[PDB]
Amino acid sequence: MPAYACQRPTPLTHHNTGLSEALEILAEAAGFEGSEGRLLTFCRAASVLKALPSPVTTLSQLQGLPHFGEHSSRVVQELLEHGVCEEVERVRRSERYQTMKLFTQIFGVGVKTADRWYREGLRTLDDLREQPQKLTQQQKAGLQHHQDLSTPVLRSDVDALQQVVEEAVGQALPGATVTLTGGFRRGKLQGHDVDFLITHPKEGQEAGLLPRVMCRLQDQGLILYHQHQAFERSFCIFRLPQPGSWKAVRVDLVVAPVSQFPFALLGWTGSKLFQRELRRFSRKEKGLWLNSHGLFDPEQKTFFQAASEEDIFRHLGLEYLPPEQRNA
DNA sequence: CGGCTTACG
DNA sequence: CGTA
DNA sequence: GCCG
Ligand SMILES: Nc1nc2c(ncn2[C@H]2C[C@H](O)[C@@H](COP(=O)(O)NP(=O)(O)OP(=O)(O)O)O2)c(=O)[nH]1
Ligand SMILES: [K+]
Ligand SMILES: [Mn+2]
Ligand SMILES: [Mn+2]
């Protein structure tokens, strides 16, 4: 088992679901307390279990696995022996974890904001609604739409959304394309949002595209919120039809020049941990700097041209993983 | 011990 | 600060 | 929290 998540296939569904869930609770709780290193180790240990070919049934099977030390091994041991881990259950029922989880779920609220509200004594969404002076416009939108945004987006929802985005994109710039990215591209059947990547085959024609797209979607009455109600990324709330009604859905739109499209597709397809691990691998093992725009050799001071995700894995000396196997 | 992904709004 |  |  390799140490980096980008060195092994990780399928969406696997054989250690309960074990990985528990470790991810501890990861999430570590992030709520600002311990990014502990969050990373618990996420990586969870991801190792997702990559295993069969269930862990005995503690000895953790021998030699990367990112399993005393703490993660004890969590697994207790789950194997008792079906519950006391530390995990204590986190689950703690007021701090439940409130930080509730608050950071709000669109526009991160750990720092949630933690300040927590320290001020706030605990529920209604507490926030009673103090609208504490809220940015973005947070007001996230709070108002919180119930709809807590409902999973379905794969059936995605196709109808892509068609309306393509229609607006086609009027904004004929020939521009829309690619589904994010978790749905990795094979997920539900999601917290829908992620799209937009480009145009003629380099440079995509400049200034996203404002044109957003103002067309807004004129059609489809945008419940966006930040610009020049930019290349838009995190918005869409109005999506339902039976006899509609529901709010988060949609992320990103524009990239076609020269950068493989890097942007790779970055925005995720998973988040897969990309962190891939960029760490690139820098630490290959001495190359990877981001959503390109791959930089800092010694030659040169960028790698890529025509495909396959190109990028080859540049990094990694076996290619299709999106479905990037579910780290 | 240092390190832990990276850039745009 | 937020977002991905 | 774990790796190198
Ligand atoms: N490098 C990097 N990439 C990131 C980061 N955050 C997001 N991405 C990339 C990788 C992500 O795949 C992509 C957008 O995915 P999401 O919508 O944030 N989540 P997903 O679609 O997996 O699941 P669901 O929506 O159902 O919760 O942006 C980050 O901090 N860093
Ligand atoms: K949030
Ligand atoms: Mn997504
Ligand atoms: Mn997204």
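All chains are named by letter (A, B, ...) in the order of the sequence lines, taking the proteins before the strands, and each is independently numbered beginning at 1.
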| task | Determine the contact category for A:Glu70: base if any of its heavy atoms lies under 4.0 Å from a base atom, sugar-phosphate if only primed atoms, P, OP1 or OP2 are that close, otherwise nothing. | result | sugar-phosphate

| query | Starting at CZ of A:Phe296 and ending at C1' of B:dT6, how long is that distance when rounded to a whole Å? | reply | 15 Å

| note | Assert: residue with more 5' nearest nucleotide on DNA chain B, out of A:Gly37 and A:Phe235, is A:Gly37

| field | A:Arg96 bridged to A:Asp115 by N-O distance under 4.0 Å | value | yes

| query | More than 12 heavy atoms of other residues, nucleotides or ligands under 6.0 Å from CD of A:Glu81: is that the case? | reply | yes

| task | Send over the distance from A:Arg38 CZ to D:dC2 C1', rounded to a whole Å. | result | 10 Å

| field | Centroid separation A:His67 to A:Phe42 less than 6.0 Å | value | no

| task | Give a yes/no answer on whether the side chain of A:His293 brings an N or O atom under 4.0 Å of OP1 or OP2 in B:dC8. | result | yes

| task | Check A:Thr269, A:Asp195, A:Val194 against A:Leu180 for a side chain to side chain contact (heavy atoms under 4.5 Å, CB included) and give me the one that passes. | result | A:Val194

| task | Measure from the side-chain heavy atoms of A:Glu232 and tell me the nearest of B:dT6, B:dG9, D:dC2. | result | B:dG9

| field | Check: A:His315 ring centroid to A:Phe304 ring centroid under 6.0 Å | value | yes

| task | Give a yes/no on whether any side-chain N or O of A:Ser292 is located under 4.0 angstrom from OP1 or OP2 of B:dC8. | result | no

| query | Looking at A:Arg279, does any N or O in its side chain come under 4.0 Å of the phosphate oxygens OP1/OP2 on B:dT5? | reply | no

| query | Between B:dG9, B:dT6, B:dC8, which one does the side chain of A:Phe231 approach most closely? | reply | B:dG9

| query | Which whole-number value in Å describes the distance from A:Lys284 NZ to B:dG3 P? | reply | 7 Å

| said: Would A:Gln137 and A:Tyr225 count as a side-chain hydrogen bond (donor to acceptor under 3.5 Å, both in side chains) here? Give the steps. | reply: CA-CA 10 Å; A:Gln137 284 301 309; A:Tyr225 170 88; over 6 Å; no

| Roughly, in whole Å, what's the span from CG in A:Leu210 to P in B:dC8? | 14 Å

| Should A:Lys134 and A:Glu120 count as an ion pair when the cut-off is N to O under 4.0 Å? | yes

| task | Select base, sugar-phosphate, or nothing to describe what A:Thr113 touches, counting heavy atoms under 4.0 Å on all strands. | result | sugar-phosphate

| request: Remember a base hit wins even if backbone is also touched, and classify A:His192 as base, sugar-phosphate or nothing at under 4.0 Å, heavy atoms. | output: sugar-phosphate

| What does A:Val109 touch in the nucleic acid at a heavy-atom separation under 4.0 angstrom: a base, only the sugar-phosphate, or nothing? | sugar-phosphate

| field | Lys/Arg-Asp/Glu bridge criterion (N-O < 4.0 Å) met for A:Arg185, A:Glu309 | value | yes

| said: Between D:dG4 and B:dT5, how many Å separate the two P atoms, rounded to a whole number? | reply: 15 Å

| In whole angstrom, what separates A:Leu40's CG from B:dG2's P? | 17 Å

| query | Can you list the stems that DNA chain B is part of, where a stem is at least 3 pairs in a row, each Watson-Crick or G-U, with both distances below 3.5 Å? | reply | B:1-4 with D:1-4, B:6-9 with C:1-4

| Counting side-chain heavy atoms from C-beta on, which of D:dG1, B:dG9, D:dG4 comes nearest to A:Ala3? | D:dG4

| message | Students often get this wrong, so: under 4.0 angstrom with heavy atoms, is A:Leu26 touching a base, only sugar-phosphate, or nothing? | response | nothing

| request: Answer with base, sugar-phosphate or nothing: what part of the nucleic acid does A:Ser282 contact at a heavy-atom distance below 4.0 Å? | output: nothing

| field | Check ion pair A:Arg129-A:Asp127 (N to O, under 4.0 angstrom) | value | no

| remark: DNA chain B nearest-nucleotide lookup for A:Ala230 and A:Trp289: closer to the 5′ end is A:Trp289

| request: Would you mind classifying the nucleic acid contact of A:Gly108 as base, sugar-phosphate or nothing, using non-hydrogen atoms under 4.0 angstrom? | output: sugar-phosphate

| chain A contact limits on DNA chain C, taken 5' to 3' with a cut-off of 4.0 angstrom to heavy atoms | C:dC1 to C:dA4

| request: Provide, to the nearest angstrom, the distance between the CZ atom belonging to A:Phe263 and the P atom belonging to B:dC8. | output: 15 Å

| Would you say a side-chain N or O of A:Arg283 is under 4.0 Å from OP1 or OP2 of B:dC4? | no

| query | OP1 or OP2 of D:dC2 sitting under 4.0 Å from any side-chain N/O of A:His67? | reply | no

| request: Could you tell me whether A:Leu253 contacts a base, only the sugar-phosphate backbone, or nothing, with contacts defined as non-hydrogen atoms closer than 4.0 Å? | output: nothing

| query | D:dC2 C1' sits how many Å from A:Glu36 CD, rounded? | reply | 15 Å

| Distance in angstrom units between A:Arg250 CZ and B:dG9 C1', rounded | 12 Å

| In terms of the angle between their ring planes, are A:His226 and A:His228 parallel, tilted or perpendicular, with boundaries placed at 30° and 60°? | tilted

| said: Test your reading of the model: is there a side-chain donor-acceptor pair from A:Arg123 to the backbone of A:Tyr118, 3.5 Å cut-off? | reply: yes

